[PDB]
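Starting off, we have a lone chain in the form solved without the named molecule, written out as structure tokens.
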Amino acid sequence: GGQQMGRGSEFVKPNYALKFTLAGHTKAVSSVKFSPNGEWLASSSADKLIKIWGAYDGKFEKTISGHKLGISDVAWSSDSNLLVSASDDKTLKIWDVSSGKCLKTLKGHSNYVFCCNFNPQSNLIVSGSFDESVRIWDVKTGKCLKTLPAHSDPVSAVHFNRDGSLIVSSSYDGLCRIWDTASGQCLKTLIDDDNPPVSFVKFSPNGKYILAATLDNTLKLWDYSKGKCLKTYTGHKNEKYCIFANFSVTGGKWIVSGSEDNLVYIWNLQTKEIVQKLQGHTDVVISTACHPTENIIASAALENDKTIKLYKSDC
């Protein structure tokens, strides 16, 4: 499965090894993200709480609480100062990380808010809901700027591209959708011949590629500009849950994903080969994240497991 990097690294395979296990959530873990400054890891969970731990030592930092029901997603401001969380209480919350204080509640969705990100400028927040819409919010006012009639089933994931000019969305209706932030227009619908529910989507770090997970045990690399699926990733288990997935780019080029067999899967991006399967979880691995500068994976498992795990690699 070796990958070609530079001279004398013709055969790079990653070697992630579990370093820390992070414990405290009293229910299913839902989302874990590294802060852009790589100093912190935020997690959300069905226990209604968001926790902050050290990205390198995994030591517990704090509890941020306020949501009246469970939490499906969490996202950092571009300066690592603010959090946005998405909840079963139909709202999102904006948090100052230093004080742990709720800055804004974002009210307007009529159902569970499943997913959230800030744009790179971090003046804007996108969210997907069980209400079947995608919403665009002003970070500094709480105003819903736009409601997009995005899909015809709950909205699984949303994300902003490199300059924040586009939003990618996915849903259970079998659709990945690209919207113009400025205009609220649908610019692309991406779909292959089959139409399985779309459990996840994210733009690659340079905006040129999209990574979609579908509930037929598959991840796909799409070229956005062309509507062309380019690479497919299989071998793992994804038929029920909306698992987070990732480009790993600090080392070799990998695709990292949780799987429903309790493993973290990692693949050669180029050749699609499975290069590593990571053990330690005892329930479905629902979320994974990749550290901004170190070869560090954060994993998080479901209700029978309740733990976050941090693995470390040399590439």
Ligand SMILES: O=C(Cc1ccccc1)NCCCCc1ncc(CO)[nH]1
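Position 1 is the first residue in the sequence shown; the rest follow in order.
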message: Tell me which stretch has the larger mean Cα B-factor in this entry, 166 to 174 or 218 to 226.
response: 218 to 226
query: Comparing 94 to 102 with 240 to 248, which stretch shows the greater average C-alpha B-factor in the deposited entry?
result: 94 to 102
- prompt: If you check the C-alpha B-factor for each of 279, 35, 268, 30 in the entry, which is highest?
  reply: 279
- prompt: Based on the PDB record, which member of 160, 112, 137, 179 exhibits the highest Cα temperature factor?
  reply: 137
- prompt: Is the Cα B-factor recorded for residue 310 in the lowest, middle or highest third of its chain?
  reply: middle
- request: Could you tell me which third, lowest, middle or highest, the C-alpha B-factor of residue 259 occupies within its chain?
  value: middle
message: Quick check on the deposited entry: does the C-alpha B-factor of residue 199 sit in the lowest, middle or highest third of its chain?
response: lowest
Cα B factor band for residue 14 (lowest, middle or highest third within the chain): highest
Among modelled residues of the same chain, the CA temperature factor third for residue 283: lowest
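Below: the form deposited with the named molecule bound, not depicted.
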- prompt: Which residue, 41, 286, 64, 264, has a heavy atom that falls within 4.5 Å of the named molecule in the deposited complex?
  reply: 286
statement: Answer key, the named molecule contact in the deposited complex at 4.5 Å (heavy atoms) among 242, 150, 106, 83: the residue is 242
message: If contact means a heavy atom within 4.5 Å, which one of 137 to 145, 178 to 186, 92 to 100, 110 to 118 is the stretch that engages the named molecule in the deposited complex?
response: 110 to 118
message: If we define contact as a non-hydrogen atom of the residue within 4.5 angstroms of the partner, is residue 72 a contact of the named molecule in the deposited complex?
response: yes
message: Even though the partner isn't displayed, in the deposited complex is residue 200 close enough to the named molecule, meaning a heavy atom within 4.5 Å?
response: yes
message: Can you work out whether residue 30 and the named molecule are in contact in the deposited complex, taking contact to mean some heavy atom pair no more than 4.5 Å apart?
response: yes
query: With a 4.5 Å heavy atom cut-off, would you call residue 156 a contact of the named molecule in the deposited complex?
result: yes
field: Heavy atom contacts to the named molecule in the deposited complex at 4.5 Å, residues of 159 to 186 in sequence order
entry: 172
